[PDB]
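Colleague: Chains as they are written, first to last, in the working numbering: chain A, 1 to 271; chain B, 1001 to 1055; chain C, 2001 to 2054; chain D, 3001 to 3101; chain E, 4001 to 4049; chain F, 5001 to 5059; chain G, 6001 to 6442; chain H, 7001 to 7422.
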Amino acid sequence: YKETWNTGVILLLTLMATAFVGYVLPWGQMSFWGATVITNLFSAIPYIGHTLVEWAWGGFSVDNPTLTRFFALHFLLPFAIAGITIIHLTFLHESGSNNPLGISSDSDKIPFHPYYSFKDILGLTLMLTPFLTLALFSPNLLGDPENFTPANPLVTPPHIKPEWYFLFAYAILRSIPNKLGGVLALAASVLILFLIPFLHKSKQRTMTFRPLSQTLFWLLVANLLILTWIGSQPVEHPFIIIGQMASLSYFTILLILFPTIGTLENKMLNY
Amino acid sequence: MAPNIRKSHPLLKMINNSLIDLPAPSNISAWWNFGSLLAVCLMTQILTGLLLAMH
Amino acid sequence: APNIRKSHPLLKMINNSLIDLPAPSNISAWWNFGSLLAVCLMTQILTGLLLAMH
Amino acid sequence: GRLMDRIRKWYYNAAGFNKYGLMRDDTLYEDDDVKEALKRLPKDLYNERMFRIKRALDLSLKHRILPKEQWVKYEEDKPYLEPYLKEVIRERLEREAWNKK
Amino acid sequence: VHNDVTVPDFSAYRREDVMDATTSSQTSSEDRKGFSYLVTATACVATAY
Amino acid sequence: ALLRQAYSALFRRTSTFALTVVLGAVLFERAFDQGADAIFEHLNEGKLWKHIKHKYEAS
Amino acid sequence: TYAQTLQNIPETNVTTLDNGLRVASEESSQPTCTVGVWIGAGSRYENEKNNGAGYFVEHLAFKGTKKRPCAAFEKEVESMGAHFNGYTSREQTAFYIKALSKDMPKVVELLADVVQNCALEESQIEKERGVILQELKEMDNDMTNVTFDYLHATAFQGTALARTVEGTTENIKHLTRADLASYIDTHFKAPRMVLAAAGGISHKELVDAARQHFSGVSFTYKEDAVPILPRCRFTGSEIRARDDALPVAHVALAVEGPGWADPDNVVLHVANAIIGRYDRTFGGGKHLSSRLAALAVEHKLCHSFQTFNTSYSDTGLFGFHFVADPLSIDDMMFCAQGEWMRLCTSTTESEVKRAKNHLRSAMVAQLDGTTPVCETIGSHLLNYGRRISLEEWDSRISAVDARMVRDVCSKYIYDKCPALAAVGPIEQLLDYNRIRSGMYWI
Amino acid sequence: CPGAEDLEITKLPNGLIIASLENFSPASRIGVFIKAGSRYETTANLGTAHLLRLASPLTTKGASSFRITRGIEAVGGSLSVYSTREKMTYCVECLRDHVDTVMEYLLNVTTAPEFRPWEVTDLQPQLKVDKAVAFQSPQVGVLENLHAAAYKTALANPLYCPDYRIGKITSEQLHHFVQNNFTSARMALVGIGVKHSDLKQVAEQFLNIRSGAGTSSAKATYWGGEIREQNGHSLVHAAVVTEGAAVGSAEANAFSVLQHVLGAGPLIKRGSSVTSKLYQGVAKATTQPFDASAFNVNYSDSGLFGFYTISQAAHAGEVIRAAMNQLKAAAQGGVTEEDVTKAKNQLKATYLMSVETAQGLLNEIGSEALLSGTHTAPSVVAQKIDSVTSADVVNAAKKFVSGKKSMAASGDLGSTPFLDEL
Ligand code: HEM
Ligand code: HEM
Ligand code: HEM
Ligand code: HEM
Ligand SMILES: CC(/C=C/[C@@]1(C)[C@H](C)CCC(=O)[C@@H]1C)=C\Cc1c(O)c(Cl)c(C)c(C=O)c1O
Ligand SMILES: CC(/C=C/[C@@]1(C)[C@H](C)CCC(=O)[C@@H]1C)=C\Cc1c(O)c(Cl)c(C)c(C=O)c1O
Ligand SMILES: CC(/C=C/[C@@]1(C)[C@H](C)CCC(=O)[C@@H]1C)=C\Cc1c(O)c(Cl)c(C)c(C=O)c1O
């Protein structure tokens, strides 16, 4: 569902940018060093690079202007999210939802309400339970503590990690031991989502009836699950090696394997 | 004309035409519940967000 | 199909609400405030952000 | 050497679309050619393919499958669409090539 | 009938160069357009600035 | 005839029309700028620091 | 083989009688044949007060002469199995007869007796008055026509070409014996006529019969002078005749054409072949080579459409006409202009190759009978000056290619202000400004 | 360089006729004439002939729906199918250098059709259209009903598929109609602008399908009916006829001459047609506009003959009756030895001219080369024309006034007469 999908990817990137700048507002140690590293990423872009950083900061080193234009930015984006979400859902509606077996469900549709409205109310009370169990009983479980220490422009904490949801990328960035390569790998680590629709070779839509793709699919999940662990560990052996691996692994399972096993599977069905 | 005021009204025809009379496959699994949860989060984030922005 | 101005879920909107829109041939200048009002909004919003950043 | 056979038959039971009573062809994702092919299906073959599918969806909503007995068998799977589809794709390649000339 | 129908006189509005019913309006076209398109080209340059 | 020479070479082709607007906006700017600044500075002789300037400079 | 069969066709012989009349023919072993006199005089030649004379005349040229009244004329023709019929356009009238190759000479005399001694009995004139006034009530319900007239009517507005061939209602209601007379006198003159014939006839024996009955004399230089007409001005405009009570809508769009003389007319016709024409009963359907016909089929854009390259002495009309339902006029018009722009910008060699072969065949079907071959000869001398052979036409048609088509269509179509004529429930089609903008950027 | 050839005409062992004729025109026109048609239809497969006519552009065993159109279009060629209640004529027409190209499709269309269920059923809605455009001419509305009243079978079958049968025709009915009618013994592969050695080599080396009569048409019984169609339309069209003569029969020429004697459509634009008995006769009876003519149809095992009148709704009575007396008066010696000499020329003329157009010519060679595998010279046909005596004419005129009559009429018939009043 290409457009529904592409707007999705756009959503993801936007949510990421948002959550990032939010995390900078309390102006703690991560807040600062995060702000420093991420805006510094443009520095990898030749020429217009070192300048692009100047705006970003509003000065010649992170400071107050950065913090106010970040609060502005944070305040704004969520709405742009809500906006695009509307489009996401609109493109969707042209086609309709997909379903597990991946075969037309025109022979059997049902009114969203009360079937899925009730099902979603329930799905809500379920996510809500651990979300609240977490937020109420163990508040800081999921969050880095460096942000309890007011930013220090002179000291970068030794155990500087990003919020859990960015680790996997942080992991890849720390793989490529070259400024631009790491940056490109990082960009691609998310932007690669735009290519998925084009790397589809199976003659069937889902993996429900594709046991090989399934294994590959779950092998990929465990693959990310690892990068996250790696992202939470220091840049020392055996980690460094395990790291480069999982990354190399990530990009291969997506650009080479999947589309390959896919073709293979087609032949095994005699197509 | 339109009998019910659910299918004619320029607005309710929308709440109704995109979440109430919407055609949904009868077999979507729990993996399809994330759409709404994502949606709900957005509203919850935005709300709690403003409350904070006010301090 | 045929034109990508009337089918596209988006352009069908830019086109269906400001380009193929049926307008009375005799509206006077007192009808130009709708757009000016609109334009303000975008101008206000833009200059506003710029300021919120300081 | 019945290897390819041995494998295919394996993959066939591996997929498991037969547990729902679907023929290998009921699972094809409906792109442009497949859609055309289906319009060329004889009334009855189309109405049967429909039930098979409407039945598999109902199974899926219920989270069940057919009792082992009713499962399609690797050798009894009728490739009811395969030949239509191949013609659709052959008629298409002709056009495509003829417009470049 | 459609035979009794004719196109009124637009002399009150015609451009000087296509006022004469016996001269190829085609010669003065290149200009009539070049001028109107020059006004636009300028508006674009003025706004571009 | 410029109007015809222009139309035929510049305004006809919607691609060359653009090149004209750009190429033109460039020239128009550089000139409209000097002119206006020239008009303004003239209208305020000896009041601008550009004028006073030499009194505390170097030579 | 094609190439040769083209050069074998017997050349057309031409010889002029010292009174200006021109005689010409193509001899075949055909036992039957056709002969007629093609007069270069129509409605463009009429003024505002005599609009519809060339037509009021075409009606009486068969109701008898001075030498032989009605029944004697008709009877003398019918009884020998000949076919007398003709027509009259904006700038070219003609009267021709189809008969056995034996009556070749007896025919010539008949033709000459109509163009010179038309009776014009005033008993007949108050009858053909009610008859024409009737034919206008019929012709008026012919959309295709009501439309092309309105097209000229505004395309050449303010000039001579902007007039219908049938003329006004007031003219037909008041035209006098005098005017018809004076019209024949001023226009039906030797230097402006052409006796053409083809079939199994002796060019010689034809020219003789001519010298004998086609005998008018010329003293001054005036009589041997062929007037030059005051040029017609093309106006980019539109005329919208609306009636939402008509079943379908008719639309015609055109730009000014070059005129018979210009060689480009060849290219323009090749161009028109690429777009071609279509209509509800074409078996080809969705597979037709004409991109527009396809779309037409695919989306149900129309009931029919056709390109056209109408030429005149000094001017012309190059465009297209389609018929459609009220609710699809827009898309059709859209796709249509679209295909024109493709012409000016991205025509391929494949499209032209076919375009050429399609023209070549239409060019031969032009000469499928003695009447058609005679019509070609009649209108070739009268318009192109001499006779243009198929072998020649074909050489010109082969010379054309992509680059040529693009350069020429760009010449007469790109960024031009067209003339529009819409008739019927045309609400969906709209604004000249828009249609105008459809004239550039493919 | 090129001159004069000979109209050759072979006939292979299977009964397939091959009639060529090199006339060196820059264009050729090949055509397959067949003895098929709406008369071999039954109440069971009605309209299957009509649809077969539109199904000409459908995929065949050798060429595709797409490639047949694009293939013919590529060489400025053309395909067309004309048919009568008993004769189908598939034929192409291209420039000399492309005869081979346009042939393949002509061969593929007539001999190897597939009539694929889908193509076929996507095409059946066209019968709805094709029949609506044609039926715009009331002229074709009264002819349908005529043949219906004039017969009980075969020729009584409509030329355009009746409505109730639109969308109920099958690929089988198409196939079975082609297998049992397009048999080499009923087929003739004519051609113009072509050398016989080629047109022949193709017909043989390429053509096939079954041979031998196959199914045969059930001889047309005569009925003598009366179908009136009240429909408002201000102009009342009418046609009163009686069994005429068959094709090739002797008594034909006589009617053909009794045709031109009563008047067969004007020869002078906006004319008055004096040489037309019937016309003049009607004029001397009615005051307002009209037209009336000599109707003559020649079919294999039968024929039709009589007149046709177009008149205002009110003057329909006087016009039709006056049209009769004028036919009786000609049955009772009212024919000059001269009217017969003039009618003899008009007939030699009409024939001689109709063969100038490539279409009309190929259709002359064909028709004959299919109904006898021969070819009369335009010199022999000339004799048969004038070998008609002033008697034969007066006889045909009688055979009309005496035989049983059929009639068709459509319009505001309120003033039109019933057959049992003439
Ligand atoms: C603001 C973020 C997002 C929100 C709130 C959102 C919301 C929705 C909703 C409500 C649905 C419908 C219900 C469902 O099927 O889940 C949906 C469907 C979908 N979304 Fe999103 N979405 C988001 C992000 C994304 C992302 C990141 C992607 C792409 C990587 C994506 C891909 C899709 C697709 C493909 C569908 C169709 C699902 C199907 O096949 O049934 N969405 N989304
Ligand atoms: C896209 C939805 C949103 C996301 C993903 C989001 C995320 C975040 C994050 C990750 C933080 C840092 C939290 C922490 O660890 O302290 C944060 C803080 C904050 N956000 Fe948001 N936010 C969202 C919407 C909003 C909006 C729209 C507002 C207000 C209208 C808002 C205002 C703030 C403020 C004031 C803070 C800083 C103080 C604090 O951390 O409590 N947020 N946000
Ligand atoms: C954010 C404020 C507003 C904006 C940007 C806005 C914009 C527009 C626009 C663009 C139009 C169409 C063009 C026109 O007719 O002017 C319109 C029409 C209209 N607006 Fe507003 N509007 C605003 C406020 C209002 C207010 C305060 C009223 C009522 C007290 C109003 C009453 C109307 C009405 C009645 C129409 C129809 C105009 C007609 O009859 O043609 N608008 N508006
Ligand atoms: C509805 C459109 C808007 C209106 C009517 C508007 C109006 C105003 C007014 C009256 C003031 C006081 C101006 C003064 O100094 O006299 C102001 C100031 C300001 N507005 Fe807005 N505003 C609009 C949109 C925005 C938005 C959306 C932002 C930023 C995203 C913004 C940011 C500010 C800020 C930071 C100031 C205070 C500092 C200053 O006065 O320069 N405004 N606005
Ligand atoms: C995960 C990531 C960047 C993610 C972005 C930049 C995407 C590549 C594009 C869209 C976004 O806006 C994200 C914030 C960078 C790695 C990364 C971090 O996130 C953070 Cl918080 C820190 C403190 C460091 C320190 O070294 C880091 O290397
Ligand atoms: C955002 C949402 C539902 C939201 C609430 C807010 C309802 C409007 C009322 C009751 C609730 O609380 C739901 C969570 C549904 C999103 C949503 C969709 O847009 C679409 Cl097209 C589909 C096919 C589904 C299928 O499950 C879906 O969940
Ligand atoms: C806001 C706007 C137009 C805005 C711009 C921004 C265009 C999108 C492109 C070019 C411009 O610069 C316009 C000012 C038009 C508002 C607007 C409307 O919404 C509607 Cl329903 C109507 C009937 C009119 C009639 O005049 C109108 O002006």
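A virtual CB, placed ideally from N, CA and C, is assigned to each residue, including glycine.
#1: If you measure from the CB of residue 1027/B, is any heavy atom of ligand 1 nearer than 8 Å?
#2: With 8 Å as the C-beta to C-beta threshold (strictly closer), list the residues of the region 3015-3033 of chain D near chain A in chain order.
#3: Count the other CB atoms within 10 Å of the CB of residue 6242/G; is the residue buried (16 or more) or exposed (fewer)?
#4: Using only alpha-carbon positions, find the residue among 6016/G, 6077/G, 6043/G, 6011/G that is nearest to residue 7268/H.
#5: Are the Cβ atoms of residue 7093/H and residue 7078/H separated by less than 9 Å?
#6: Are the region 6055-6074 of chain G and the region 6396-6416 of chain G touching, with three or more C-beta to C-beta distances below 8 Å?
#7: Which ranges would you report for the alpha helix (DSSP H) in the region 7166-7216 of chain H if only whole runs of at least 4 residues count?
#8: With hydrogens ignored, establish whether the beta-carbon of residue 1045/B is closer than 8 Å to any heavy atom of ligand 2.
#9: Would you check if the distance between the CB atom of residue 6125/G and the CB atom of residue 6180/G is smaller than 9 Å?
#10: Establish whether the CB of residue 4082/E and some CB of chain F are separated by less than 9 Å.
#11: Would you call the region 7063-7075 of chain H in contact with the region 7093-7104 of chain H, where contact means no fewer than 3 C-beta pairs closer than 8 Å?
#12: Would you say residue 6322/G faces chain C, with C-beta separation under 9 Å as the test?
#13: Specify whether the region 7397-7413 of chain H and the region 7142-7162 of chain H touch according to this definition: at least 3 beta carbon pairs, one from each stretch, less than 8 Å apart.
#14: Of all the CB atoms in chain F, is at least one closer than 9 Å to the CB of residue 4016/E?
#15: Just to make sure I have the definition right: I need the residues of chain H whose C-beta is within less than 7 Å of the C-beta of residue 6390/G. Which are they?
#16: When you compare only the Cα positions, how much space is there between residue 6441/G and residue 6344/G?
#17: Are residue 7086/H and residue 7177/H touching if we call contact CB-CB under 9 Å?
#18: Under the three-state reduction of DSSP, which class applies to residue 6335/G: helix, strand or coil?
#19: Would you mind telling me which residues of chain I sit closer than 7 Å to residue 5004/F, beta carbon to beta carbon, in chain order?
#20: Could you please go through the chain and list the residues whose beta-carbon is closer than 6 Å to any non-hydrogen atom of ligand 3?
#21: Using DSSP with H/G/I as helix, E/B as strand and the rest coil, what is residue 110/A?
#22: Which residues share a DSSP beta bridge with residue 6993/H?
#23: Within 9 Å of any Cβ in chain G, is that where the Cβ of residue 4039/E sits?
#24: May I have the straight-line CA-CA distance separating residue 255/A from residue 1006/B, to the nearest angstrom?
#25: Under 9 Å between the Cβ atoms of residue 6292/G and residue 6232/G?
#26: Taking the C-alpha atoms as reference points, what is the distance between residue 1022/B and residue 95/A?
#27: Going by DSSP, what residue range makes up the alpha helix (DSSP H) through residue 172/A?
#28: Thinking C-beta only, is residue 7237/H closer than 9 Å to residue 7309/H?
#29: Along the chain, where does the beta strand (DSSP E) containing residue 6323/G start, and where does it finish?
#30: Just to check, is the beta-carbon of residue 5032/F closer than 8 Å to a non-hydrogen atom of ligand 2?
#31: Opposite residue 7222/H in the DSSP bridges: which residues?
#32: Taking all protein chains shown into account, do 16 or more other C-beta atoms lie within 10 angstroms of the C-beta of residue 223/A, making it buried, or fewer, making it exposed?
#33: Taking a cut of 7 Å between CB atoms, which residues from the region 2019-2046 of chain C lie near chain A?
Modeller: So, from the data block:
#1: Translated into positions along the second sequence, residue 1027/B becomes position 27. Annotation for residue 1027/B indicates a beta carbon at 8 Å or more from all heavy atoms of ligand 1.
#2: Those residues of the region 3015-3033 of chain D placed with their C-beta closer than 8 Å to a C-beta in chain A are 3015, 3016, 3017, 3020, 3022, 3024, 3026, 3027, 3028, 3029, 3030, ordered along the chain.
#3: Within the seventh sequence, residue 6242/G is the residue found at index 242, counting from 1. The residue in question, residue 6242/G, is exposed, as its Cβ has fewer than 16 Cβ neighbours within 10 Å.
#4: For this step, residue 7268/H is matched to residue 268 along the eighth sequence. The shortest C-alpha separation from residue 7268/H is found at 6077/G.
#5: By 1-based counting over the eighth sequence, the position of residue 7093/H is 93. By 1-based counting over the eighth sequence, the position of residue 7078/H is 78. Going by C-beta atoms, residue 7093/H is nearer than 9 Å to residue 7078/H.
#6: No: fewer than three Cβ pairs fall under 8 Å.
#7: 7171-7179, 7196-7205
#8: The residue you call residue 1045/B lines up with position 45 of the second sequence. Indeed, a heavy atom of ligand 2 lies less than 8 Å from the Cβ.
#9: By 1-based counting over the seventh sequence, the position of residue 6125/G is 125. By 1-based counting over the seventh sequence, the position of residue 6180/G is 180. Yes, these two residues count as a Cβ contact at 9 Å.
#10: Within the shown structure, residues of chain E are numbered from 4001 to 4049, placing residue 4082/E beyond reach of any answer.
#11: yes
#12: Walking along the seventh sequence from the start, residue 6322/G turns up at place 322. No, residue 6322/G does not count as interfacial toward chain C.
#13: yes
#14: Here residue 4016/E refers to the residue found at position 16 of the fifth sequence. Taking Cβ atoms only, chain F never reaches closer than 9 Å to residue 4016/E, which makes this a no.
#15: Along the seventh sequence, one-based indexing puts residue 6390/G at 390. The answer, in chain order, is 7026.
#16: Numbered from 1 along the seventh sequence, position 441 holds the residue referred to as residue 6441/G. Numbered from 1 along the seventh sequence, position 344 holds the residue referred to as residue 6344/G. CA-to-CA, the gap between residue 6441/G and residue 6344/G works out to about 9 Å.
#17: Along the eighth sequence, one-based indexing puts residue 7086/H at 86. Along the eighth sequence, one-based indexing puts residue 7177/H at 177. For residue 7086/H and residue 7177/H, no; Cβs fall outside 9 Å.
#18: On the seventh sequence, residue 6335/G is found 335 positions in, with the first residue counted as 1. Assigned with DSSP and collapsed to three states, residue 6335/G falls in helix.
#19: Reference to chain I is not applicable here, since the protein chains of this structure are A, B, C, D, E, F, G and H.
#20: 2031/C, 2033/C, 2034/C, 2035/C, 2037/C, 2038/C, 2041/C
#21: For this step, residue 110/A is matched to residue 110 along the first sequence. Residue state, collapsed to three classes: strand.
#22: Given a span of 7001 to 7422 for chain H in the structure shown, any question on residue 6993/H remains unanswerable.
#23: Here residue 4039/E refers to the residue found at position 39 when the fifth sequence is read from its first residue. No, residue 4039/E lies away from the interface with chain G (no Cβ there is under 9 Å from its Cβ).
#24: Here residue 255/A is taken as the residue at index 255 of the first sequence, counted from 1. Here residue 1006/B is taken as the residue at index 6 of the second sequence, counted from 1. The straight-line gap from Cα to Cα measures roughly 48 Å.
#25: If you number the seventh sequence from 1, residue 6292/G lands on position 292. If you number the seventh sequence from 1, residue 6232/G lands on position 232. No, these two residues do not count as a Cβ contact at 9 Å.
#26: Looking up residue 1022/B in the second sequence gives position 22. Looking up residue 95/A in the first sequence gives position 95. Computed Cα separation, rounded: 12 Å.
#27: Locating residue 172/A in the first sequence gives position 172, counting from the first residue. It spans 167-173 - the alpha helix (DSSP H) in which residue 172/A sits, taken as one unbroken run.
#28: Reading the eighth sequence from its first residue, position 309 is the one you call residue 7309/H. Reading the eighth sequence from its first residue, position 237 is the one you call residue 7237/H. In this structure, residue 7309/H places its C-beta atom within 9 Å of the C-beta atom of residue 7237/H.
#29: Indexing the seventh sequence from 1 puts residue 6323/G at position 323. That run of the beta strand (DSSP E) goes 6316-6324.
#30: As a first step, residue 5032/F must be located in the sixth sequence, where it is residue number 32. Every heavy atom of ligand 2 is 8 Å or more from the Cβ of residue 5032/F, so no.
#31: Position 222 of the eighth sequence, counted from the first residue, corresponds to residue 7222/H. Paired residue(s): 7151/H.
#32: By one-based count along the first sequence, residue 223/A stands at place 223. Label assigned to residue 223/A: buried.
#33: Answer in chain order: no residues at all.
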